[PDB]
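The chain below stands alone and is given in C-alpha cells; this is the form deposited in one PDB entry.
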C-alpha cells in the first residue's frame, strides 16, 4: 500500500515524523523536502567554482590572532577582480566592510558543507538558535538597502492603471488602493483561490454586456485591460466574503463536469449583471490622451507602507539567505532557482491541508516542528515571491570598466601576452592627450567596445566561468563550430548571412552553403578590423551594422559551449548527491582502500538483499530479470580508480576549466553528450587515472577512443555503475537518446 521502489518508506517516516503510518500522503510530502536540497546544492557548487576561478588561490576576534588566516584574508579581500560581481562586495562605488565579506564567505562555506552530504544536519531548519549574533546583522544591512529601493520604485512603471482604479472606488483611502494592488501582483493573493478567474473572464466575454469591448481598435491596449478586470474580480470576492464561501462549497460539492460548467456559466452571467456598469466605466477610460496625461503626473500618490514590508517586518532568516545567493548569480539562473522553490513550497502546504481535512496526524518531530508548520510555510512563500519580482539592470559599474577593457582585447587577439603590450595598444588606438582628457572628434573604437562587448550579458558569462587568456581556442576546430551553428534555428541564420555577406559571394538558399561561409568568418576575427568604424552616406550605416553582427556571432558560439557543458555537469552533481543521502539511510557505509573511495559498494550490497531483489528496481523473478543481469554484467568491468577520478572531475568542474588541451582533436560531433564525454575520457588517458592490473578491459576501451577520435559507449557504462540501483537514472545518463528530453530518437537496438 504505497510502498516505494527504493524501499525507504519506514526509514524516512521515522526520520522525519517519529513513527510509521499506513497511508500514502506523507511520503510525497517528504520527497519535496528531499527535492529542494538538490537545486540548492547545484547552485552552491556553481557559485563556489566561479569564486575559485575568478579569484586565484571563534568570531572575528580570533581571525586577527591567527596571523596566517588573517594574512590570506587580507590579500584575498584586497585582490581587485572582486568587481566582476555587482553588489556582492562593492556598493555605491565603495568597498564593503571586511566583516560583511567574511560573513558572506563563511555562510557560503557552511551551506556548501551542509548540502554536499562540521555542522549539524538541522542547520538550515533552525537558524535562529545557531547563527551568531554578528551574522544576524550582515543580512539585515543587505536587506535594508533593497527595502528602500523597492518602495520608491514600485510606485511607478504602472502609474496609469492605478490612478483609474482609485477613481472607480471613491470611498477608499489612498492607502487602500495601493495595499490591495500590491497584494495583487507583487505577492499573488490571486493565486490562492480555487476559482479560474481567467476562465470566468472568458465566459463573461460570451455575454453581450461586456463583449462590446471586442473592437479592433482595442488592440492598442491589451495587457493593461486583462489585469484590471482581474483586480476588480479579486476585490469583489474580498468584500462579499460569504458569497465566495458559498461558491467554494457549491464547487466542492459538484457531481459531474456538466454541473461545474453550468454553475460557472451562471456565476459568470450573474457577475456581468452585478457590476457590468463598473466593468464598462473602467474600460472606457483607457486611451492615448489619458495614458500620456497620467504618465506626466507620476508623483500624485504618496504611500509609504513601511510597516507591512518585510524590510521592516521580521523577515525570516531563511529567505534572507536566498537573497544573498541571488547577488552571486545572473538573470537566467535566478529564475530557475526561485521558480522551482515556489513550486516546492506550494505543494507542501497543500498536503498538510489534506492531512488536516481527513483528521490525520501532521505534526513533525520537535527538531523540524519550528520550521515545518502551516503558518510559517505560508510566510516563507510570499518572501520568495517578492524576491523574484525585483528589477535588475546589472550595469558594469564605473570603476570596473577599466579592467574590462584589458580582458576584452584579450579575447580578440593577444591571448597570453604580458600586460605591458596590452596597455600600449590601448594607448595607441584611442589616445588621451593632455590633462588626462579624451580627444574629441577622434574616438569611435571605445564606443563600439563599450556598447557591444563590455555591456553584454554573454561577455560576463565568459569572464566568470572561463579564462580570457585561453578562451580563443574554442572556435579553432571546424567540427565544433559547424555543430553549434546548426543548433541555431533557421530564421536567425538567414538574417546573419545576409548582413555578413560581403561582396564576393552570391545568394544561395542551401542551409549547408550558408554555414560553411559563416564558419570562415568566425574562424579568423581580429580587433584590427574594427579600427575604421564610422565615427559618430549609406556606406557608413551599412558598415556599422556589419561590424556589430560579427562580434555578436563570435560571443554567441563561445557562450553556448560553456553554458551547455555546465548543464551536463549539473546533471551528474545531482546523481552523486543522491548516493550519499541514500547510503546513509540504508546503513551502508562507503569504505576506503589505498586512500580512495569505493562508490560501487551500495549497488553491491543491494544485489544480494532479499527485500530489494523482490520488491525493488533490481528484481529477480521469471519475467522481470533483464536489468538485474545487465547491471551484474556491467559491474565486472569497473575500475575503482576510474570511478574515484570521475567523482573529482564532476565536483570541481574540470571539463570547463581544462578544455583547451583536448578540443583540438575531435572527429565529428552530433550532440553535447558526445563532446562532454570525449573530454572526460581524454583526461583519464594522459594523466594515467586507471589500473590495467586489476582490470584488463580498460586497455581496449582506451584503444577505441584514439583510433576513432570519438567516445566509447561501453566505457561510460563502467564508471556510472555507482548509480545502478536506480534504473531510470542509469539509463538516462548512459544512453544518448534518453539524455535530452527534446530528442525523439528511439533507444538503440541491441
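In this text, rigid core is short for the largest set of C-alphas that superpose within 1.5 Å between two forms. Numbering follows the first chain given and starts at 1.
What comes next is about the form deposited in another entry, which is not displayed.
Peer 1: Relative to the superposed core, which single residue of 553, 107, 643, 162 shows a CA shift of 2 Å or more between this form and the one not shown?
Peer 2: Once the cores are aligned, the residue moving by 2 Å or more is 162.
Peer 1: Core aligned, does the CA of residue 331 move at least 2 Å between this form and the one not shown?
Peer 2: No, shifts by less than 2 Å.
Peer 1: For residue 521, is the CA shift between this form and the one not shown at least 2 Å following rigid-core superposition?
Peer 2: Where the cores coincide, residue 521 shows only a C-alpha shift between this form and the one not shown that is less than 2 Å.
Peer 1: Once everything's superposed on the core, is residue 587 shifted 2 Å or more at the Cα between this form and the one not shown?
Peer 2: No, because once the rigid core is superposed, the C-alpha of residue 587 moves less than 2 Å between this form and the one not shown.
Peer 1: Report the direction of the Cα distance change between residue 188 and residue 374 in the other form, compared with the displayed form, as closer or farther; the change is 3 Å or more.
Peer 2: Relative to the shown form, the pair is farther apart.
Peer 1: By 3 Å or more, the Cα spacing of residue 188 and residue 345 differs in the other form; is it closer or farther than in this view?
Peer 2: Relative to this form, farther apart in the other form.
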